[PDB]
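Protein chains in written order, with the authors' numbering: chain L, 6 to 108, 207 to 235; chain w, 359 to 374, 392 to 430; chain 4, 12 to 89.
Ideal placement from N, C-alpha and C gives every residue a C-beta, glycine not left out.
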RNA sequence: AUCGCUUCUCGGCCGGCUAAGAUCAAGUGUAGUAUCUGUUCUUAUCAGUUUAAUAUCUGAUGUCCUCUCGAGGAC
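Here it is as structure tokens:
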């Protein structure tokens with residue numbers, strides 16, 4: 006019931022919330038949005054919205070590396086995805102794309216505690232000061 | 359050079392994008408006011424503004 | 012002549028007392044009195060587009076009698 | 001007096017530890033409106049529908065003949 010499609014409003018508000026609160030507090034960020042939970046917010050951050058994620062075409066090297074690795078460790082996408090530097094869902098889609106296109208008074212009264220200054224080789228007798 | 363001779367000859371002896396926007400708004404459509412120099416106006420709002428003008 | 016340049020003003024003046032001020036003579040159709048963004052205040056010089064040119068030449072004749080904040084107001088053709 | 005370094009002085013811009021301490025609220029449907037975002041018409045002319053006028057929609061690119069869209073001739 007809570008599940009559904011992601012909205013530009015929810016997604017931008019997710020950007021701002023993640024910016025303000027920080028990465029480790031999910032319940033606080035899920036509190037602001039409606040119809041979405043904390044798990045969904047976190048996985049939605051790390052899966053897609055995260056700026057460190059690389060959204061662009063795959064170069065030739067990334068295709069060589071992806072194909073080789075996928076033939077090395079079949080069906081393991083969460084192991085391969087960090088090695089090529091792409092999202093697991095993304096490299097999946099691209100792979101099926103490659104096979105697809107490959108064929207109180209202490210203050211104010213009396214001076215709290217008083218230290219009269221000590222007296223030294225000079226005359227302080229005379230000195231007094233003006234009012235305000 | 360010929361240009362120069364000519365000028366000397368005929369000179370005083372003593373010198374002193393929104394394409395559908397303009398259709399929607401009704402502009403860049405050919406129109407004419409007769410009383411003013413048989414003038415051309417490209418918009419109906421503009422010609423309606425001609426009614427109050429200096430010229 | 013449809014437009015005039017107006018110098019020597021005080022920022023408490025705005026586009027409104029110019030509106031009101033020069034339409035006392037004849038209506039200002041297009042008003043321009045810059046708002047400076049950086050320090051949010053006016054240098055006090057103006058540009059005025061009228062209905063046609065006759066308005067503005069009479070405006071050259073009459074126009075420089077205005078005195079904004081006890082002080083002199085420049086109006087010339089443009 | 002000047003240059004450089006330094007000292008002092010002044011002015012202008014100018015929230016402790018723990019198991020992260022623990023935990024974490026959503027009604028529905030019938031009608032209907034508003035407000036955001038994205039995308040499309042340089043088409044030339046005429047005829048009709050249509051409009052307050054636009055807009056929009058709907059149709060074709062002076063005629064004939066000859067030769068290989070072009071050329072010539074007769075209007």
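Sheet register partners of residue i (DSSP bridge)
| i | result |
| --- | --- |
| residue 58 (chain 4) | 16 (chain 4), 43 (chain 4) |
| residue 52 (chain 4) | 47 (chain 4) |
| residue 82 (chain 4) | 79 (chain 4) |
Coil, strand or helix - residue i by DSSP
| i | result |
| --- | --- |
| residue 14 (chain L) | helix |
| residue 23 (chain 4) | coil |
| residue 415 (chain w) | strand |
| residue 219 (chain L) | coil |
| residue 177 (chain L) | Between 108 and 207 in chain L the model has nothing, and residue 177 (chain L) is one of the residues in that span. |
| residue 88 (chain 4) | strand |
| residue 403 (chain w) | coil |
| residue 370 (chain w) | coil |
| residue 364 (chain w) | helix |
| residue 210 (chain L) | helix |
| residue 224 (chain L) | coil |
| residue 232 (chain L) | coil |
| residue 71 (chain 4) | helix |
| residue 408 (chain w) | coil |
| residue 31 (chain L) | helix |
| residue 426 (chain w) | coil |
| residue 359 (chain w) | coil |
| residue 398 (chain w) | helix |
| residue 36 (chain L) | helix |
| residue 22 (chain L) | helix |
| residue 108 (chain L) | coil |
| residue 420 (chain w) | helix |
| residue 48 (chain L) | helix |
Beta-carbon gap between residue i and residue j smaller than 7 Å
| i | j | result |
| --- | --- | --- |
| residue 62 (chain 4) | residue 428 (chain w) | yes |
| residue 82 (chain 4) | residue 18 (chain 4) | no |
| residue 418 (chain w) | residue 396 (chain w) | no |
| residue 42 (chain L) | residue 7 (chain L) | yes |
| residue 60 (chain 4) | residue 86 (chain 4) | no |
| residue 42 (chain 4) | residue 29 (chain 4) | yes |
| residue 53 (chain L) | residue 99 (chain L) | no |
| residue 59 (chain L) | residue 91 (chain L) | yes |
| residue 73 (chain 4) | residue 36 (chain 4) | yes |
| residue 71 (chain L) | residue 96 (chain L) | yes |
| residue 15 (chain 4) | residue 79 (chain 4) | no |
| residue 17 (chain L) | residue 38 (chain L) | no |
| residue 31 (chain 4) | residue 44 (chain 4) | no |
Own chain partners of residue i with C-beta closer than 7 Å, once the 5 adjacent residues on each side are dropped
| i | result |
| --- | --- |
| residue 67 (chain L) | 89 |
| residue 227 (chain L) | none |
| residue 23 (chain L) | 34, 50 |
| residue 363 (chain w) | none |
| residue 52 (chain 4) | 22 |
Close beta carbons around residue i, own chain, < 6 Å, minus the five adjacent residues each side
| i | result |
| --- | --- |
| residue 406 (chain w) | 416, 422 |
| residue 414 (chain w) | 408 |
| residue 12 (chain 4) | 64, 67, 68, 88 |
| residue 93 (chain L) | 82, 83, 86 |
| residue 75 (chain 4) | 86 |
| residue 71 (chain 4) | 88 |
Contact set for residue i: own chain, Cβ-Cβ below 8 Å, skip 5 residues either direction
| i | result |
| --- | --- |
| residue 28 (chain L) | 50 |
| residue 75 (chain L) | 85, 100 |
| residue 400 (chain w) | 418, 420 |
| residue 210 (chain L) | none |
What alpha helix (DSSP H) runs, 4 residues minimum, are completely inside the segment 50–100 of chain L? 65–77, 82–89
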